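Quick notes on the structure that follows.
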Amino acid sequence: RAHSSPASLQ
Amino acid sequence: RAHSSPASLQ
Amino acid sequence: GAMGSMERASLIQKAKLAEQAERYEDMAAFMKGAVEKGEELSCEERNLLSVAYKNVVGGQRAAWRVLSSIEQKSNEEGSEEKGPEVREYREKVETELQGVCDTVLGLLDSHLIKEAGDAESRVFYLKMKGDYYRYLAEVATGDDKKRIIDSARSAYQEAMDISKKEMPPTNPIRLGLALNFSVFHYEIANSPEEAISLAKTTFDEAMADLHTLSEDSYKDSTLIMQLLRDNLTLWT
Amino acid sequence: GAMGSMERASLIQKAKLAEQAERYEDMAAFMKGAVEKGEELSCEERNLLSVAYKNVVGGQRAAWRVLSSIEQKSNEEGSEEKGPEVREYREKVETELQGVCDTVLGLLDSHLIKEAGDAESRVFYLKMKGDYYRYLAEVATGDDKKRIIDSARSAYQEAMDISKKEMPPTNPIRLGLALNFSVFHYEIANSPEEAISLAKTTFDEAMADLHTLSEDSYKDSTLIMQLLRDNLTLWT
Ligand SMILES: [Ca+2]
Ligand SMILES: [Ca+2]
Ligand SMILES: [Cl-]
Ligand SMILES: [Cl-]
Ligand SMILES: [Cl-]
Ligand SMILES: [Cl-]
Ligand SMILES: [Cl-]
Ligand SMILES: [Cl-]
Ligand SMILES: [Cl-]
Ligand SMILES: [Cl-]
Ligand SMILES: [Mg+2]
Ligand SMILES: [Mg+2]
Ligand SMILES: [Mg+2]
Ligand SMILES: [Mg+2]
Ligand SMILES: [Mg+2]
Ligand SMILES: [Mg+2]
Ligand SMILES: [Mg+2]
Ligand SMILES: [Mg+2]
C-alpha cells in the first residue's frame, strides 16, 4: 500500500 | 488508428 | 509440449487465473496447451484463447510501432548515423511478433478450423485467421506481402459469407468480424471506400435488428456498433 | 551469456530503445549483458539497470498479490475445494519472481558493489540490494524468512550510514533509500513506529536543505519528499 521510490534517481 | 474488435465476443 | 502433462481442465483454470493476474504470456501458453489436447473448444474457451493471444500480440504490435517510428526518423535527411542497432532491435521484435502469429495460425490449421462446424465456432476461428494474417501484413515488406494480404482477405471473406447466412446482423461475432474486415480494407488493402461502405452497411443492418434483443444482448451488440461508428467518424 | 557477442554500447542503446517500447524484459536482458562486460556503470546506466528490473519485478509482484489473494480466499471456511491449481500457479509466479531477485542480487555481488567506491554508486547499489531482498521477503514464509529480512535490513543500514556521511539530505538517492527503508520497517519488519520516525526525520532534514538547491534539483528532491508525506498520511 505504501509508496516506494521510483527506479531512476539522481 | 482505427478501432478493432475486442477479443471476447459472444 | 511443456503443457502435455497438465490436465485440460487445469490448463483452463490456470488460464483464467493468468487473466486475472494480467499474465497474458502465461495465459497463452495455458490455452495453447488446452488446444493441443485435441478436443474442440467451448465458447468460453475460444474467448480465453483469443484474449490471451490478442494481449500478447498487442504488446508486440505497440512495441513494433514505436521502434518502426524511430527507425523511420533515422532514415530522414540530416539524421545522424547511429549504426545497425535500431534496425536490429526492430527486427528482433518483428520476428517475435511473426512467431506469435505463426503459432496462432498453426493452432487454427491443426486442427481447430477443420473440426469447427457450427457457425459460431467456424466464424470466430476464420475471423482469428484473418486477424493474425492482418497482423503479419502490418509488418510485411517483402515478396510475400501480397500473398499475406490475400490470405487475410480470403479468411475474412469466408467468415463473412458464413456469418451472413447463419447469424443475425446483431451477433457480436458477426459484428466484430465486419469491424475487423473494414479495418483490413482501410489500413492494409488501400481500400478506404470499401472500409467505409462495409462499416455503414454493418451498422445499419444491426440497428434494424436491435428490437429483437434482450437488454443484455442489446448491450453486447451496441458496444461493437459503437466501434463501427467511431471508425466512421475517424474516416469521414 | 546470450549478450556476450554484443558491444557494450549497443546493449546500452538497445536498453534505451526497449524502455521507449515498454519492453522491460528485453531492457533487463540488455542491461544484464552490459553489467557482465565487467566495467563500472555510469549514473545513467545504473538508472537504466534499475528501471528495467523494477518494471520486470513489479509485474511479477502485482501478479503474485492477485494470486495470493485468490489462494487466501480459497482457504476460508465454506470455500469450495478446487484442487491444487491456484497454489501451483502462485508458486510458479513466485519462483520466477525469486529468480529475478536472485539475478539482480547476483549482479550486485559479481561485482558491482565491490567496485563501487563513490557514494552515489555505492549507496544506489546497496539500496538495490535492500530492495530485492525486500521483494524476496514479501513472499517468504519459511525457515530462512528471518535471514532474508536480516539481509534487507543490513543492506539498507549500510547504505544509510554512507548516505548520512557523504550526501546532502536532499540527495534523491538518499531520499529514495530512506523512503524504501521506511517501507521495509512498516511492511516487512513489523516496525510501524520506526517507519514513521524515519519518514518524518528524513522529510524534515530535506526541507531544511532545499534552500541550497537550483530549481531543477528542487523539483527532483521535492518529488521524493512528497512520497514520504503520502506514506505519512497513510500511516498516521
Ligand atoms: Ca468516395
Ligand atoms: Ca506510537
Ligand atoms: Cl505477460
Ligand atoms: Cl537486438
Ligand atoms: Cl482461408
Ligand atoms: Cl470525421
Ligand atoms: Cl516486457
Ligand atoms: Cl502452474
Ligand atoms: Cl549487506
Ligand atoms: Cl491519515
Ligand atoms: Mg485428462
Ligand atoms: Mg549531424
Ligand atoms: Mg550504434
Ligand atoms: Mg460485446
Ligand atoms: Mg567491445
Ligand atoms: Mg459448497
Ligand atoms: Mg482443479
Ligand atoms: Mg526525483
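Residue numbers (PDB author numbering), protein chains in the order written: chain P, 124 to 133; chain P', 124 to 133; chain A, -4 to 231; chain A', -4 to 231. A prime marks a further copy of an entry chain. For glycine and all other residues, C-beta sits at the position ideal for the given N, C-alpha and C.
{"Query": "When you compare only the Cα positions, how much space is there between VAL51/A and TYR127/A?", "Result": "12 Å"}
{"Query": "Apply the 10 Å Cβ neighbour rule to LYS141/A' and answer buried if 16 or more other Cβ atoms are within range, or exposed otherwise.", "Result": "exposed"}
{"Query": "Mind checking the stretch 83 to 97 of chain A against chain A' and listing, in chain order, the residues whose C-beta falls within less than 9 Å of any C-beta there?", "Result": "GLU83, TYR84, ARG85, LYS87, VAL88"}
{"Query": "Please return the same chain residues whose Cβ sits closer than 6 Å to the Cβ of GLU31/A', not counting the five positions on each side in sequence.", "Result": "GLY(-4)"}
{"Query": "Are the C-beta atoms of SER5/A and some chain A' residue less than 8 Å apart?", "Result": "yes"}
{"Query": "Would you call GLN55/A buried or exposed, if buried means 16 or more other Cβ atoms sit within 10 Å of its Cβ?", "Result": "buried"}
{"Query": "Consider the C-beta atom of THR228/A' and the heavy atoms of ligand 10; say whether any pair is separated by less than 7 Å.", "Result": "yes"}
{"Query": "Does any CB atom of chain A fall closer than 8 Å to the CB of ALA58/A'?", "Result": "yes"}
{"Query": "For ligand 5, list every residue whose C-beta falls under 5 Å from any of its heavy atoms, going in chain order.", "Result": "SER149/A, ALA150/A"}
{"Query": "Taking 7 Å as the cut-off, is the beta-carbon of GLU83/A' closer than that to any non-hydrogen atom of ligand 2?", "Result": "no"}
{"Query": "Taking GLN93/A as the reference, which of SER74/A, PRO79/A, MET1/A, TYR48/A has the closest Cα?", "Result": "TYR48/A"}
{"Query": "Taking one C-beta from the stretch 159 to 173 of chain A' and one from the stretch 182 to 197 of chain A' each time, how about it: are there three or more such pairs within less than 8 Å?", "Result": "yes"}
{"Query": "Listed from N- to C-terminal order along the chain, which residues in the stretch 201 to 214 of chain A' have their beta-carbon within a distance smaller than 9 Å of any beta-carbon of chain P?", "Result": "none"}
{"Query": "I'd like to know whether the C-beta of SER45/A is nearer than 8 Å to at least one C-beta of chain P'.", "Result": "yes"}
{"Query": "Compare the Cα-Cα distances from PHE119/A' to each of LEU36/A', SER63/A', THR136/A' and report the closest residue.", "Result": "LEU36/A'"}
{"Query": "For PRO187/A', which residues from the same chain have a beta carbon less than 8 Å from its beta carbon, with the 5 sequence-adjacent residues on both sides left out?", "Result": "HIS180, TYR181, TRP230"}
{"Query": "Residue range of the alpha helix (DSSP H) that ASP126/A' falls in?", "Result": "114 to 134"}
{"Query": "Using beta-carbon positions only, say whether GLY28/A and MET(-2)/A come within less than 8 Å of one another.", "Result": "yes"}
{"Query": "Where does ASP138/A' fall in DSSP's three states?", "Result": "coil"}
{"Query": "Could you give the distance in angstroms between the alpha-carbon of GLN15/A and the alpha-carbon of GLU17/A'?", "Result": "21 Å"}
{"Query": "So, helix, strand or coil for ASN175/A', using DSSP?", "Result": "helix"}
{"Query": "Compile a chain-ordered list of the residues in the stretch 170 to 198 of chain A' whose CB is closer than 7 Å to at least one CB of chain P.", "Result": "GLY171, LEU174, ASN175, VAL178, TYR181, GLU182"}
{"Query": "Anything in chain A' within Cβ reach of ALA29/A, meaning under 8 Å, just list it in chain order.", "Result": "Chain A' residues near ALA29/A: none, gap ~13 Å exceeds 8 Å."}
{"Query": "I'd like to know whether the C-beta atoms of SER127/P' and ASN42/A end up nearer to each other than 8 Å.", "Result": "no"}
{"Query": "Say whether chain A' places a C-beta atom closer than 8 Å to the C-beta of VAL134/A.", "Result": "no"}
{"Query": "Straight-line CA distance for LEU223/A' to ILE191/A'?", "Result": "9 Å"}
{"Query": "Tell me which residues share the same chain as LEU62/A and place their Cβ nearer than 8 Å to its Cβ, disregarding the 5 neighbours each side in the sequence.", "Result": "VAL81, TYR84, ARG85, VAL88"}
{"Query": "Go ahead and pull the three-state DSSP assignment for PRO164/A.", "Result": "coil"}
{"Query": "Using a Cβ-Cβ cut-off of 8 Å, state whether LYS159/A counts as contacting chain P'.", "Result": "no"}
{"Query": "Hey, out of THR165/A, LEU12/A, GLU75/A, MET26/A, whose CA is closest to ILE65/A''s CA?", "Result": "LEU12/A"}
{"Query": "At a cut-off of 7 Å, is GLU2/A' close to ligand 15 when judged by its beta-carbon and the heavy atoms of the ligand?", "Result": "yes"}
{"Query": "With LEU102/A' as the anchor, note down where its alpha helix (DSSP H) starts and where it stops.", "Result": "80 to 102"}
{"Query": "Name all residues in chain order for which at least one heavy atom of ligand 3 lies closer than 6 Å to the residue's CB.", "Result": "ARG18/A, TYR19/A, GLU20/A"}
{"Query": "In chain order, what residues place their C-beta within less than 6 Å of a heavy atom belonging to ligand 17?", "Result": "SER5/A, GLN8/A, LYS77/A', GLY78/A', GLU80/A'"}
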